[PDB]
Every structure is written in C-alpha cells, then in structure tokens.
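Trainee: This is the structure I want to talk about, given as structure tokens.
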Amino acid sequence: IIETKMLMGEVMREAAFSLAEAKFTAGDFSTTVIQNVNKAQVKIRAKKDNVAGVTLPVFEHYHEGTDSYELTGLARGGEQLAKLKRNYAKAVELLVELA
Amino acid sequence: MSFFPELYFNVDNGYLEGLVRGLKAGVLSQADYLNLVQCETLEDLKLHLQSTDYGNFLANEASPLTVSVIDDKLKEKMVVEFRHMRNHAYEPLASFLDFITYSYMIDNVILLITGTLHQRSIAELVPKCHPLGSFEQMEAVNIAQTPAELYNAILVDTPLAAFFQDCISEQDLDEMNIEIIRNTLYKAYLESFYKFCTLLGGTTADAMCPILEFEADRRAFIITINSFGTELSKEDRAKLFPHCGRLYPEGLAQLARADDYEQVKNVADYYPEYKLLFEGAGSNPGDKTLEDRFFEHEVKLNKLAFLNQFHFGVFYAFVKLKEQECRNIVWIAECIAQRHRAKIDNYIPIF
Amino acid sequence: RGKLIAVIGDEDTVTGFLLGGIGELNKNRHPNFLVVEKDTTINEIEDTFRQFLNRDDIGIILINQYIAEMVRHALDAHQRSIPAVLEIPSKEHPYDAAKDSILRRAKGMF
C-alpha cells in the first residue's frame, strides 16, 4: 500500500505539472471548465471480494460512455488539455484501486 | 495618406508614442532570461525581477511564495497601464484600443452568458471577469436570470452590439453549445478588425493585416486538427473559418476534406511559410509542437511590426508582448513550484 | 453503476478531476464536489463534509492532504468502510504517510 501510494504521489505530480503547462497555451480555462458541469464519464461499479470467510466490498473502474467534453476555443490549446486528460485518467484509475 | 503619409500624423500621437517606445526599451530580452533561469526559488526570481518594469511587485505583498498572485498582479498592473494609455488616446487609436478591448469582451460575454441556465447571480461572475471587458452599463446584473432579459440587456449594454446585430440570435444560441458561440463571435470580430484596419491603409494595414491573415489561417488549420476527436459537423467548421485570410478566395473546401492530420499537412504544404511551420512540428518528447510553431510565427510577425514605428501596431503588438512577458514570468514561477527544470527554457522568449 | 466518486479539492485539483471525467449534477442540480479557495471556514467545510457523509450516493471521496489536515478531527470522527475516504497530496504538500487517519488506525505498523 505504501509503494502504490508513492506511485500515486508521483503520478499526481505528473498531472500537476501537466496542468502547469496547460496554464500556458490556453489561459483562464478554470472557470470555463468549472461552469461546464453536466455529466460524468467515470463511475464506480461496486463489486465484491471474498478475501476470506468474510466478504469485503470493492470497486471497478468504469468508462460510462459520455465522452470528455471538448473546449476548442481557449486560444487553440487542445493538445495540452488532451494530455492532461490522459494524466488524470490514469491517476483516477490508480486511485480507485487504492480506494 | 495618398502616397504621402506623415503629413500631420504625429499631431495626436506624441506622448503615447514616447510612452510605448520607452516601455519597449525596458522589455525583457534573453539576457534577463539568463538570470531569471537560475532562480531555483521564487525569492531570487523576485530579486532578479526587481530590476525590471516589475519593481518590487512581490515585496510587501504575499510574503509566502506563491504563483497565482504573481499572475494576478501582473495582469492587474498591465491592464491598468493600458487603461492609462488608452485613456491618453485619440479617436482613431481609441477605436483600435476598443477593438483590442473587444478581444477580451468576447470571452467575458461568454463567461457572463448561460448563467441564466444555471440560475446564478451575475455579481458572482464579476470577480472572475477579466478586467478588460468591464461592460460598465446598468441592469446587466440580476436580470431575473431569464435568458431573454440577458440577450436584450446585452444588446442594450455591451458595445459589441455592432457584432451582435448580425452575429448572435437568442433562439439559435440555445441549440448550439457555447463552444460554437465563442468561436463565431471571435470570427466576426477578427473579420471586422481586419476590414477596419484595411480601410486605414498604410503601414498599419500592411503590418497588422498579415498578422490577422496568419491568425485566420492558423485558426482554419487548428479547428480541423483538434476537431478530429469530435462529432462537430463541417457546417460549423465552415461557419467558423474566417473570410479574411490567404485561403478565403478558395482553399476552405480543402480543409473540409483533409480528414487525417497528414492530409492537413499536405494542404498546408501549398503555403510555404506554413509548410516550414508544419515541418517544424515534431510532437516528440524534447522538441516543439505545431501550436508552438504557430506561436513562434505570431511572435515573428509581431517583431516585424515592431520594426516599424509609424503604425497603430505599436499599440497592439506591444499589448501581446506584455501578455507574453507576464506569461513567461508565470512560466518561470510554475517551474520553480513544480521543480520541473527540464522544461525551464521550453518557452518562446521575446527578442 | 449507481455510486459516484466525489472530490473536495482546491481549484487546480478540482479542474484536474473534472477533466478526468469525475463530475455530475444530480436530480437536485448540485455539484458533487466542493471548491476550496483561500477564504473558507472550517465549520461550514465540516458541515459540507457531513453533507457528503450522510448522502448515500458517494462511496469514495478524494481530499487533498492539507485540505484533509484542515479538517482532521471531524474527518477522523467517522469510522465506516462503505463511505471510503482517501487522501491525496497537492502541488505544495507532497504525500505524507505520518498524516493519515487510516494509517493511524494501523498503529505501531512502522
């Protein structure tokens, strides 16, 4: 758990400086994104894990299907946003595993 | 004008010319980036930047080291400085600076609209509103959150009503997402500014119109490029392509048919400067990308405008120059915070 | 299927996880996350944390490390497995194992 948590920390830092570089090409995207909030593309599919005689609930990473939204107007910086999407997606996968 | 410019040009351009030129003398060059790259901490960044136009801007404010307040203070000083400068303007340059004001009023309108759909007070959006789109007119705030009242009050209030009488219509806005709205407004504004500059022919047009032509062409490329991963129809792509570029007489139909990225490269191979720019896009870990090349060409044309002096581009290209100065300052700050020194010099300097 | 991950974070982490797909407006038309800025109070933050805890449709929560420190007693007042609560670092506060409620439950395991 400690090892996977260290991987979590460094992957979060990956996503963090990816965001730092996304602050460059686009600009003030923060409020544009925070206002655009309609539906989720990632969901928790609760499963079970019979580890022993006692059963403990667990979780599964789900791609629901409604794709991540498209902001192509922020001064035309979509590439950085896409790589940031990839970073945070991988991070969230590892985080549901930790949960 | 009429093959004899500068007759009485400088009558109403003296002090503003001197002010912009003096600030241009104080522009950070790579020499200052040679001592702003060896910082390792925001305190030394502040020490080095104390010798710039940014005098003590972090001393006696924000004692713990931060990045967001740096960006905010830079924006505040720079914007208020061009408010001062525009406030020392005269009617032609006032129209110019109004259009430069419009370039931000577009995204400020975009932020302030659809708040009816989420049923939120406009006074909650005023704090995040960028200062260069103030919309200093009555009854914008708290219109009963009805979209119709917003449309009518914005027609009444925002000086972008000249664009809105033939750019927006409330009913159509409801169907199209905001992604289309922002871009159609900016297309209309780009075309209007281009034409207005063309009417004032001279050094101004010949120097800034190629910048706007590059804006239109880079836009036409990027819309297609980043619309590979979407289901937007080509109809909106056509409605979003400016009609004041190198590609307006014909060439727009090709960028509707260049589905793959390599096809867009092939279409851009016909424009040799843009062919060099696309040949400079490596998209590899250690070199620059296509967006970086478009930005580099933009900077190059801004420099070419800066070469001349008897033009209205001294008062716009310099605004974007200050933008990029503030932007690189925030870059160095973000590299200090994240310790990502591998990309400490992965930006576009100025001169 | 039915449960949704929720995020209590500062602006940057919140944008990051909205960008990764996390985010919904329920039938009641409210955000399933909270924004943390400089000017907030621990008490209403604690009440919003209780709003999260009591609401059934969450499962797992994601809170930064200094944000979780800012509410430490109220955060640790809860001991139930189904509302999982997980800590994450931030840009200026890298991960700290010495500061975690669950790793505090694992006493002497060092």
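Convention: chains lettered A, B, ... in structure tokens order; per-chain residue numbering from 1; ligands numbered from 1 as shown.
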Output as a PDB file with N, CA, C and O atoms, in the first residue's frame the set of chain A residues within 6 Å of chain C, with distances taken over only C-alpha atoms.

Mentor:
ATOM      1  N   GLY A   9       1.573   9.425  -5.452  1.00  0.00           N
ATOM      2  CA  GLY A   9       2.089  10.771  -5.261  1.00  0.00           C
ATOM      3  C   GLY A   9       2.819  11.286  -6.488  1.00  0.00           C
ATOM      4  O   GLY A   9       2.583  12.411  -6.950  1.00  0.00           O
ATOM      5  N   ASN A  38     -22.046  18.889 -16.455  1.00  0.00           N
ATOM      6  CA  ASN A  38     -23.324  18.266 -16.776  1.00  0.00           C
ATOM      7  C   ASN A  38     -23.382  16.787 -16.427  1.00  0.00           C
ATOM      8  O   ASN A  38     -24.311  16.365 -15.726  1.00  0.00           O
ATOM      9  N   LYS A  39     -22.425  15.978 -16.885  1.00  0.00           N
ATOM     10  CA  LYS A  39     -22.497  14.541 -16.650  1.00  0.00           C
ATOM     11  C   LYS A  39     -21.097  13.968 -16.471  1.00  0.00           C
ATOM     12  O   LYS A  39     -20.102  14.559 -16.897  1.00  0.00           O
ATOM     13  N   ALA A  40     -21.037  12.801 -15.827  1.00  0.00           N
ATOM     14  CA  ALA A  40     -19.792  12.112 -15.523  1.00  0.00           C
ATOM     15  C   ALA A  40     -19.485  11.040 -16.563  1.00  0.00           C
ATOM     16  O   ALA A  40     -20.372  10.313 -17.015  1.00  0.00           O
ATOM     17  N   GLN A  41     -18.207  10.944 -16.932  1.00  0.00           N
ATOM     18  CA  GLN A  41     -17.732   9.892 -17.819  1.00  0.00           C
ATOM     19  C   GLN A  41     -17.080   8.733 -17.070  1.00  0.00           C
ATOM     20  O   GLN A  41     -16.810   7.699 -17.685  1.00  0.00           O
ATOM     21  N   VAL A  42     -16.845   8.862 -15.764  1.00  0.00           N
ATOM     22  CA  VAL A  42     -16.242   7.809 -14.950  1.00  0.00           C
ATOM     23  C   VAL A  42     -17.163   7.515 -13.775  1.00  0.00           C
ATOM     24  O   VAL A  42     -17.656   8.441 -13.121  1.00  0.00           O
ATOM     25  N   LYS A  43     -17.383   6.231 -13.498  1.00  0.00           N
ATOM     26  CA  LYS A  43     -18.329   5.805 -12.477  1.00  0.00           C
ATOM     27  C   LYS A  43     -17.750   4.641 -11.679  1.00  0.00           C
ATOM     28  O   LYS A  43     -16.799   3.977 -12.104  1.00  0.00           O
ATOM     29  N   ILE A  44     -18.329   4.412 -10.502  1.00  0.00           N
ATOM     30  CA  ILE A  44     -17.945   3.305  -9.633  1.00  0.00           C
ATOM     31  C   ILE A  44     -18.910   2.151  -9.872  1.00  0.00           C
ATOM     32  O   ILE A  44     -20.113   2.283  -9.620  1.00  0.00           O
ATOM     33  N   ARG A  45     -18.384   1.017 -10.337  1.00  0.00           N
ATOM     34  CA  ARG A  45     -19.146  -0.225 -10.431  1.00  0.00           C
ATOM     35  C   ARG A  45     -18.757  -1.102  -9.250  1.00  0.00           C
ATOM     36  O   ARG A  45     -17.746  -1.810  -9.296  1.00  0.00           O
ATOM     37  N   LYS A  85      -5.865  15.324 -19.734  1.00  0.00           N
ATOM     38  CA  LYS A  85      -6.935  14.341 -19.579  1.00  0.00           C
ATOM     39  C   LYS A  85      -6.365  12.948 -19.383  1.00  0.00           C
ATOM     40  O   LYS A  85      -6.799  12.210 -18.491  1.00  0.00           O
ATOM     41  N   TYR A  88      -4.753  12.635 -15.791  1.00  0.00           N
ATOM     42  CA  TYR A  88      -5.693  12.498 -14.689  1.00  0.00           C
ATOM     43  C   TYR A  88      -6.521  11.224 -14.805  1.00  0.00           C
ATOM     44  O   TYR A  88      -6.932  10.667 -13.783  1.00  0.00           O
ATOM     45  N   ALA A  89      -6.750  10.718 -16.017  1.00  0.00           N
ATOM     46  CA  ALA A  89      -7.459   9.450 -16.142  1.00  0.00           C
ATOM     47  C   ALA A  89      -6.650   8.314 -15.527  1.00  0.00           C
ATOM     48  O   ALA A  89      -7.174   7.515 -14.735  1.00  0.00           O
TER      49      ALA A  89
END

Trainee: Residues within 12 Å of residue 38 in chain C, please, as a PyMOL selection string. Count only C-alpha atoms; anything in the same chain fewer than 6 positions from it doesn't count.

Mentor: (chain B and resi 68-69) or (chain C and resi 9-11+67)

Trainee: Could those residues be written to a file, using C-alpha atoms, as a compact mmCIF listing (two decimals), in the first residue's frame?

Mentor:
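Saved to part33.txt:
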# COMPACT_ATOMS: atom_id res chain seq x y z
CA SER B 68 -1.37 32.65 -8.62
CA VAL B 69 -0.87 36.10 -7.08
CA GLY C 9 -10.29 19.92 -3.52
CA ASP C 10 -8.71 23.25 -4.35
CA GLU C 11 -9.26 24.82 -7.75
CA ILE C 67 -7.24 20.07 2.98

Trainee: Give the answer as one residue: which of C:101, C:34, C:76, C:109 has the shortest atom-to-atom distance to residue 52 in chain C, using only C-alpha atoms?

Mentor: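 Of C:101, C:34, C:76, C:109, the one nearest residue 52 in chain C, counting only C-alpha atoms, is C:34.
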
Trainee: Could you tell me which residues of chain A sit within 12 Å of chain B when counting only C-alpha atoms, and give me the result as a compact mmCIF listing (two decimals) with N, CA, C and O atoms, in the first residue's frame?

Mentor:
# COMPACT_ATOMS: atom_id res chain seq x y z
N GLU A 10 3.70 10.46 -7.06
CA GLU A 10 4.46 10.93 -8.21
C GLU A 10 3.56 11.08 -9.44
O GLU A 10 3.75 12.01 -10.24
N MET A 12 0.42 11.95 -9.32
CA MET A 12 -0.29 13.20 -9.10
C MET A 12 0.59 14.37 -9.48
O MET A 12 0.11 15.36 -10.05
N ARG A 13 1.88 14.30 -9.15
CA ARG A 13 2.78 15.38 -9.53
C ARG A 13 2.92 15.49 -11.05
O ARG A 13 3.06 16.59 -11.60
N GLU A 14 2.89 14.34 -11.74
CA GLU A 14 2.84 14.35 -13.20
C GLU A 14 1.64 15.14 -13.69
O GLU A 14 1.78 16.07 -14.51
N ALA A 15 0.45 14.81 -13.19
CA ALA A 15 -0.75 15.54 -13.59
C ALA A 15 -0.64 17.01 -13.19
O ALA A 15 -1.15 17.89 -13.89
N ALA A 16 0.03 17.29 -12.07
CA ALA A 16 0.12 18.66 -11.57
C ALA A 16 0.93 19.54 -12.50
O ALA A 16 0.49 20.64 -12.87
N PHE A 17 2.13 19.10 -12.90
CA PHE A 17 2.89 19.97 -13.80
C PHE A 17 2.38 19.89 -15.23
O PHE A 17 2.60 20.81 -16.02
N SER A 18 1.65 18.83 -15.59
CA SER A 18 0.91 18.88 -16.84
C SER A 18 -0.13 20.00 -16.82
O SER A 18 -0.29 20.72 -17.80
N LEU A 19 -0.83 20.15 -15.69
CA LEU A 19 -1.73 21.29 -15.53
C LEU A 19 -0.96 22.60 -15.57
O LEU A 19 -1.44 23.60 -16.11
N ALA A 20 0.23 22.62 -14.97
CA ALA A 20 1.04 23.83 -15.00
C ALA A 20 1.35 24.24 -16.44
O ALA A 20 1.34 25.43 -16.76
N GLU A 21 1.63 23.26 -17.30
CA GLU A 21 1.91 23.59 -18.70
C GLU A 21 0.63 23.89 -19.48
O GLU A 21 0.66 24.59 -20.49
N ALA A 22 -0.51 23.34 -19.03
CA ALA A 22 -1.79 23.69 -19.63
C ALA A 22 -2.24 25.09 -19.24
O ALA A 22 -3.10 25.66 -19.91
N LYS A 23 -1.67 25.64 -18.17
CA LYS A 23 -1.94 27.03 -17.81
C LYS A 23 -1.31 28.00 -18.80
O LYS A 23 -1.59 29.20 -18.76
N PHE A 24 -0.46 27.50 -19.70
CA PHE A 24 0.29 28.35 -20.61
C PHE A 24 -0.43 28.64 -21.91
O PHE A 24 -0.69 29.80 -22.22
N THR A 25 -0.76 27.61 -22.69
CA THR A 25 -1.31 27.84 -24.02
C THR A 25 -2.72 28.39 -23.96
O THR A 25 -3.08 29.29 -24.73
N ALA A 26 -3.54 27.88 -23.04
CA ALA A 26 -4.95 28.22 -23.04
C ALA A 26 -5.21 29.56 -22.35
O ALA A 26 -5.61 30.54 -23.00
N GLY A 27 -4.96 29.63 -21.04
CA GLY A 27 -5.22 30.84 -20.28
C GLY A 27 -6.09 30.61 -19.05
O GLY A 27 -5.69 29.91 -18.11
N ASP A 28 -7.28 31.20 -19.05
CA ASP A 28 -8.18 31.24 -17.89
C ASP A 28 -9.26 30.17 -17.96
O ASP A 28 -10.42 30.39 -17.59
N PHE A 29 -8.89 28.98 -18.44
CA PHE A 29 -9.83 27.89 -18.65
C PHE A 29 -10.55 27.44 -17.39
O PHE A 29 -11.56 26.74 -17.49
N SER A 30 -10.05 27.81 -16.20
CA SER A 30 -10.55 27.24 -14.96
C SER A 30 -12.05 27.44 -14.81
O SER A 30 -12.80 26.49 -14.57
N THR A 31 -12.52 28.68 -14.95
CA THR A 31 -13.94 28.95 -14.77
C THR A 31 -14.76 28.39 -15.92
O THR A 31 -15.91 27.98 -15.72
N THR A 32 -14.19 28.34 -17.13
CA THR A 32 -14.90 27.73 -18.25
C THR A 32 -15.20 26.27 -17.95
O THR A 32 -16.31 25.79 -18.22
N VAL A 33 -14.23 25.55 -17.40
CA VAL A 33 -14.45 24.15 -17.06
C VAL A 33 -15.39 24.03 -15.86
O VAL A 33 -16.29 23.19 -15.86
N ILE A 34 -15.19 24.87 -14.84
CA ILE A 34 -15.98 24.71 -13.62
C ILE A 34 -17.45 24.99 -13.89
O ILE A 34 -18.33 24.45 -13.21
N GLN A 35 -17.75 25.86 -14.86
CA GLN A 35 -19.15 26.09 -15.21
C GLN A 35 -19.71 24.93 -16.03
O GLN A 35 -20.87 24.54 -15.84
N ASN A 36 -18.91 24.37 -16.93
CA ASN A 36 -19.38 23.29 -17.79
C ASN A 36 -19.34 22.01 -16.97
O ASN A 36 -18.34 21.29 -16.94
N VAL A 37 -20.44 21.73 -16.27
CA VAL A 37 -20.55 20.53 -15.45
C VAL A 37 -21.94 19.93 -15.63
O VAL A 37 -22.92 20.41 -15.03
N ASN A 38 -22.05 18.89 -16.45
CA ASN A 38 -23.32 18.27 -16.78
C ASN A 38 -23.38 16.79 -16.43
O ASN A 38 -24.31 16.37 -15.73
N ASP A 67 -18.48 10.99 -23.51
CA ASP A 67 -17.08 11.34 -23.65
C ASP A 67 -16.76 12.64 -22.91
O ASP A 67 -17.64 13.44 -22.58
N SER A 68 -15.47 12.83 -22.63
CA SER A 68 -15.00 14.08 -22.05
C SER A 68 -15.26 15.23 -23.01
O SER A 68 -15.08 15.10 -24.23
N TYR A 69 -15.69 16.36 -22.47
CA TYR A 69 -16.15 17.46 -23.29
C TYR A 69 -15.00 18.10 -24.04
O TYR A 69 -13.82 17.85 -23.76
N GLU A 70 -15.36 18.94 -25.01
CA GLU A 70 -14.41 19.48 -25.97
C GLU A 70 -14.41 21.00 -25.86
O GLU A 70 -15.45 21.64 -25.99
N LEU A 71 -13.25 21.54 -25.50
CA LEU A 71 -13.11 23.01 -25.43
C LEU A 71 -12.05 23.33 -26.46
O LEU A 71 -10.87 23.09 -26.18
N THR A 72 -12.47 23.80 -27.63
CA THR A 72 -11.51 24.02 -28.72
C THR A 72 -11.26 25.50 -28.87
O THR A 72 -10.39 25.86 -29.68
N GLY A 73 -11.91 26.34 -28.06
CA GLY A 73 -11.79 27.81 -28.23
C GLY A 73 -10.76 28.51 -27.36
O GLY A 73 -10.42 29.66 -27.69
N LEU A 74 -10.28 27.88 -26.27
CA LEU A 74 -9.33 28.51 -25.36
C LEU A 74 -8.02 28.79 -26.09
O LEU A 74 -6.98 28.17 -25.86
N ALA A 75 -8.09 29.76 -27.01
CA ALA A 75 -6.94 30.20 -27.80
C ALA A 75 -6.26 29.04 -28.52
O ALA A 75 -5.08 29.13 -28.87
N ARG A 76 -6.99 27.95 -28.76
CA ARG A 76 -6.50 26.82 -29.53
C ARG A 76 -5.30 26.16 -28.85
O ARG A 76 -4.16 26.19 -29.33
N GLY A 77 -5.59 25.55 -27.70
CA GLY A 77 -4.64 24.75 -26.96
C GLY A 77 -5.13 23.35 -26.60
O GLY A 77 -4.93 22.90 -25.47
N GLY A 78 -5.79 22.66 -27.54
CA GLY A 78 -6.44 21.40 -27.21
C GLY A 78 -5.49 20.25 -26.90
O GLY A 78 -5.85 19.33 -26.15
N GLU A 79 -4.27 20.28 -27.46
CA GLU A 79 -3.33 19.18 -27.26
C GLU A 79 -2.93 19.04 -25.79
O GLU A 79 -2.90 17.93 -25.24
N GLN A 80 -2.59 20.16 -25.16
CA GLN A 80 -2.20 20.12 -23.75
C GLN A 80 -3.35 19.63 -22.89
O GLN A 80 -3.15 18.85 -21.95
N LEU A 81 -4.57 20.06 -23.21
CA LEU A 81 -5.74 19.59 -22.48
C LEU A 81 -5.92 18.08 -22.64
O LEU A 81 -6.30 17.39 -21.69
N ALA A 82 -5.64 17.56 -23.83
CA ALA A 82 -5.78 16.12 -24.05
C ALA A 82 -4.77 15.32 -23.24
O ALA A 82 -5.11 14.29 -22.63
N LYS A 83 -3.51 15.76 -23.23
CA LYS A 83 -2.52 15.01 -22.45
C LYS A 83 -2.81 15.13 -20.95
O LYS A 83 -2.58 14.18 -20.19

Trainee: Write out as number ranges by chain the residues lying within 12 Å of residue 120 in chain B, counting only C-alpha atoms and excluding same-chain residues fewer than 4 positions away.

Mentor: A: 35; B: 111-116, 124-126, 141-147

Trainee: What's around residue 68 in chain C at 9 Å? Count only C-alpha atoms, leave out sequence neighbours fewer than 4 positions away in its own chain, and write the answer as an mmCIF file with C-alpha atoms, in the first residue's frame.

Mentor:
data_model
loop_
_atom_site.group_PDB
_atom_site.id
_atom_site.type_symbol
_atom_site.label_atom_id
_atom_site.label_comp_id
_atom_site.auth_asym_id
_atom_site.auth_seq_id
_atom_site.Cartn_x
_atom_site.Cartn_y
_atom_site.Cartn_z
ATOM 1 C CA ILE C 63 -9.476 15.097 -0.398
ATOM 2 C CA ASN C 64 -6.054 16.746 -0.555
ATOM 3 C CA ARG C 72 -8.698 16.335 10.849
ATOM 4 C CA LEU C 75 -12.622 13.772 9.328
ATOM 5 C CA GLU C 87 -6.194 11.305 0.961
ATOM 6 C CA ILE C 88 -4.126 12.680 -1.920
ATOM 7 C CA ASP C 100 -3.348 9.901 7.577
#

Trainee: Chain A: which residues are alpha helix (DSSP H) by DSSP, as number ranges by chain?

Mentor: A: 2-25, 29-35, 78-98

Trainee: Could you turn the residues from that selection into a file that holds N, CA and C atoms, as a compact mmCIF listing (two decimals), in the first residue's frame?

Mentor:
# COMPACT_ATOMS: atom_id res chain seq x y z
N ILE A 2 1.99 1.21 0.74
CA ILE A 2 2.91 2.34 0.76
C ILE A 2 3.54 2.54 -0.61
N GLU A 3 3.95 1.44 -1.26
CA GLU A 3 4.53 1.56 -2.60
C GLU A 3 3.54 2.16 -3.58
N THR A 4 2.34 1.59 -3.65
CA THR A 4 1.35 2.11 -4.57
C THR A 4 0.99 3.55 -4.24
N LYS A 5 1.09 3.93 -2.97
CA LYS A 5 0.81 5.30 -2.58
C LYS A 5 1.92 6.24 -3.03
N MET A 6 3.17 5.77 -3.03
CA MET A 6 4.25 6.58 -3.59
C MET A 6 4.07 6.76 -5.09
N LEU A 7 3.70 5.68 -5.79
CA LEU A 7 3.34 5.81 -7.21
C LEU A 7 2.22 6.82 -7.39
N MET A 8 1.24 6.80 -6.49
CA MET A 8 0.15 7.77 -6.53
C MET A 8 0.68 9.19 -6.41
N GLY A 9 1.57 9.42 -5.45
CA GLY A 9 2.09 10.77 -5.26
C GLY A 9 2.82 11.29 -6.49
N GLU A 10 3.70 10.46 -7.06
CA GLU A 10 4.46 10.93 -8.21
C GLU A 10 3.56 11.08 -9.44
N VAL A 11 2.57 10.20 -9.61
CA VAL A 11 1.64 10.38 -10.73
C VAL A 11 0.81 11.64 -10.55
N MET A 12 0.42 11.95 -9.32
CA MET A 12 -0.29 13.20 -9.10
C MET A 12 0.59 14.37 -9.48
N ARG A 13 1.88 14.30 -9.15
CA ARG A 13 2.78 15.38 -9.53
C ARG A 13 2.92 15.49 -11.05
N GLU A 14 2.89 14.34 -11.74
CA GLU A 14 2.84 14.35 -13.20
C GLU A 14 1.64 15.14 -13.69
N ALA A 15 0.45 14.81 -13.19
CA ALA A 15 -0.75 15.54 -13.59
C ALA A 15 -0.64 17.01 -13.19
N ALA A 16 0.03 17.29 -12.07
CA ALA A 16 0.12 18.66 -11.57
C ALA A 16 0.93 19.54 -12.50
N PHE A 17 2.13 19.10 -12.90
CA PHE A 17 2.89 19.97 -13.80
C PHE A 17 2.38 19.89 -15.23
N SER A 18 1.65 18.83 -15.59
CA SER A 18 0.91 18.88 -16.84
C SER A 18 -0.13 20.00 -16.82
N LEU A 19 -0.83 20.15 -15.69
CA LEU A 19 -1.73 21.29 -15.53
C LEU A 19 -0.96 22.60 -15.57
N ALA A 20 0.23 22.62 -14.97
CA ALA A 20 1.04 23.83 -15.00
C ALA A 20 1.35 24.24 -16.44
N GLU A 21 1.63 23.26 -17.30
CA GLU A 21 1.91 23.59 -18.70
C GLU A 21 0.63 23.89 -19.48
N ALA A 22 -0.51 23.34 -19.03
CA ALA A 22 -1.79 23.69 -19.63
C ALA A 22 -2.24 25.09 -19.24
N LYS A 23 -1.67 25.64 -18.17
CA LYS A 23 -1.94 27.03 -17.81
C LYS A 23 -1.31 28.00 -18.80
N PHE A 24 -0.46 27.50 -19.70
CA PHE A 24 0.29 28.35 -20.61
C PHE A 24 -0.43 28.64 -21.91
N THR A 25 -0.76 27.61 -22.69
CA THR A 25 -1.31 27.84 -24.02
C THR A 25 -2.72 28.39 -23.96
N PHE A 29 -8.89 28.98 -18.44
CA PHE A 29 -9.83 27.89 -18.65
C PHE A 29 -10.55 27.44 -17.39
N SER A 30 -10.05 27.81 -16.20
CA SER A 30 -10.55 27.24 -14.96
C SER A 30 -12.05 27.44 -14.81
N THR A 31 -12.52 28.68 -14.95
CA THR A 31 -13.94 28.95 -14.77
C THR A 31 -14.76 28.39 -15.92
N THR A 32 -14.19 28.34 -17.13
CA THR A 32 -14.90 27.73 -18.25
C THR A 32 -15.20 26.27 -17.95
N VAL A 33 -14.23 25.55 -17.40
CA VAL A 33 -14.45 24.15 -17.06
C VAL A 33 -15.39 24.03 -15.86
N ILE A 34 -15.19 24.87 -14.84
CA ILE A 34 -15.98 24.71 -13.62
C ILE A 34 -17.45 24.99 -13.89
N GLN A 35 -17.75 25.86 -14.86
CA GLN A 35 -19.15 26.09 -15.21
C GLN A 35 -19.71 24.93 -16.03
N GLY A 78 -5.79 22.66 -27.54
CA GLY A 78 -6.44 21.40 -27.21
C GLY A 78 -5.49 20.25 -26.90
N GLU A 79 -4.27 20.28 -27.46
CA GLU A 79 -3.33 19.18 -27.26
C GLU A 79 -2.93 19.04 -25.79
N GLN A 80 -2.59 20.16 -25.16
CA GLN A 80 -2.20 20.12 -23.75
C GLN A 80 -3.35 19.63 -22.89
N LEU A 81 -4.57 20.06 -23.21
CA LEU A 81 -5.74 19.59 -22.48
C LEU A 81 -5.92 18.08 -22.64
N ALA A 82 -5.64 17.56 -23.83
CA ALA A 82 -5.78 16.12 -24.05
C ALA A 82 -4.77 15.32 -23.24
N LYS A 83 -3.51 15.76 -23.23
CA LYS A 83 -2.52 15.01 -22.45
C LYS A 83 -2.81 15.13 -20.95
N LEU A 84 -3.33 16.27 -20.52
CA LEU A 84 -3.76 16.42 -19.13
C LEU A 84 -4.91 15.46 -18.80
N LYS A 85 -5.87 15.32 -19.73
CA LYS A 85 -6.93 14.34 -19.58
C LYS A 85 -6.36 12.95 -19.38
N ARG A 86 -5.39 12.57 -20.21
CA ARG A 86 -4.78 11.25 -20.09
C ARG A 86 -4.14 11.08 -18.72
N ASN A 87 -3.39 12.09 -18.27
CA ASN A 87 -2.72 12.02 -16.98
C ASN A 87 -3.72 11.80 -15.85
N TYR A 88 -4.75 12.63 -15.79
CA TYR A 88 -5.69 12.50 -14.69
C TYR A 88 -6.52 11.22 -14.81
N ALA A 89 -6.75 10.72 -16.02
CA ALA A 89 -7.46 9.45 -16.14
C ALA A 89 -6.65 8.31 -15.53
N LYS A 90 -5.36 8.23 -15.87
CA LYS A 90 -4.52 7.19 -15.28
C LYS A 90 -4.47 7.33 -13.77
N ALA A 91 -4.32 8.57 -13.29
CA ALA A 91 -4.31 8.80 -11.85
C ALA A 91 -5.59 8.28 -11.20
N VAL A 92 -6.75 8.58 -11.79
CA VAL A 92 -8.01 8.17 -11.19
C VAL A 92 -8.13 6.65 -11.19
N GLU A 93 -7.61 5.98 -12.22
CA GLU A 93 -7.61 4.52 -12.20
C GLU A 93 -6.85 4.00 -10.98
N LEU A 94 -5.62 4.47 -10.80
CA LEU A 94 -4.83 4.01 -9.66
C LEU A 94 -5.51 4.37 -8.34
N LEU A 95 -6.23 5.49 -8.31
CA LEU A 95 -6.88 5.92 -7.08
C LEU A 95 -8.08 5.04 -6.73
N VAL A 96 -8.86 4.61 -7.72
CA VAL A 96 -9.95 3.69 -7.41
C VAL A 96 -9.38 2.36 -6.91
N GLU A 97 -8.25 1.93 -7.47
CA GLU A 97 -7.61 0.73 -6.93
C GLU A 97 -7.25 0.93 -5.45
N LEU A 98 -6.64 2.07 -5.12
CA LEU A 98 -6.29 2.33 -3.73
C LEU A 98 -7.52 2.38 -2.83

Trainee: Take CA of residue 22 in chain B and CA of residue 210 in chain B and report the distance between them in Å, one decimal.

Mentor: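 These two atoms are separated by 25.8 Å.
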
Trainee: Just want the 8 Å neighbourhood of residue 217 in chain B, counted on only C-alpha atoms, with same-chain residues fewer than 5 positions away dropped. Output as a short mmCIF file (atom, residue, chain, number, x, y, z; two decimals) with N, CA, C and O atoms, in the first residue's frame.

Mentor:
data_model
loop_
_atom_site.label_atom_id
_atom_site.label_comp_id
_atom_site.auth_asym_id
_atom_site.auth_seq_id
_atom_site.Cartn_x
_atom_site.Cartn_y
_atom_site.Cartn_z
N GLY B 245 -8.42 35.65 -44.79
CA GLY B 245 -7.11 35.06 -44.80
C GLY B 245 -6.59 34.82 -46.20
O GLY B 245 -7.17 35.26 -47.20
N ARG B 246 -5.48 34.09 -46.28
CA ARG B 246 -4.93 33.70 -47.57
C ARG B 246 -5.82 32.69 -48.27
O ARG B 246 -5.71 32.51 -49.49
N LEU B 247 -6.70 32.03 -47.53
CA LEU B 247 -7.47 30.89 -48.03
C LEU B 247 -8.91 31.25 -48.36
O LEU B 247 -9.70 30.35 -48.67
#

Trainee: If we count only C-alpha atoms and set the cut-off at 6 Å, which residues sit around range 194-208 of chain B, ignoring sequence neighbours fewer than 2 positions away in its own chain? Please answer as number ranges by chain.

Mentor: B: 191-192, 210-211, 305, 311-312

Trainee: One number please: CA of residue 74 in chain C to CA of residue 28 in chain C, in Å, one decimal.

Mentor: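 If I compute the distance from CA of residue 74 in chain C to CA of residue 28 in chain C, I get 26.1 Å.
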
Trainee: Smallest atom-to-atom distance to chain C: which of B:30, B:346, B:13, B:66, using only C-alpha atoms?

Mentor: B:66

Trainee: Based on the backbone DSSP call, show me all residues of range 6-49 of chain C assigned strand (DSSP E), as a VMD selection string.

Mentor: chain C and resid 6 to 10 33 to 36

Trainee: For a quick check of understanding, using only C-alpha atoms, which of B:119, B:231, B:177, B:55 has the smallest distance to chain C?

Mentor: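 Closest residue, counting only C-alpha atoms: B:119.
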
Trainee: Quick one: everything within 10 Å of residue 70 in chain C, counting only C-alpha atoms, minus sequence neighbours fewer than 5 positions away in the same chain. Send it as a count of residues only.

Mentor: 7
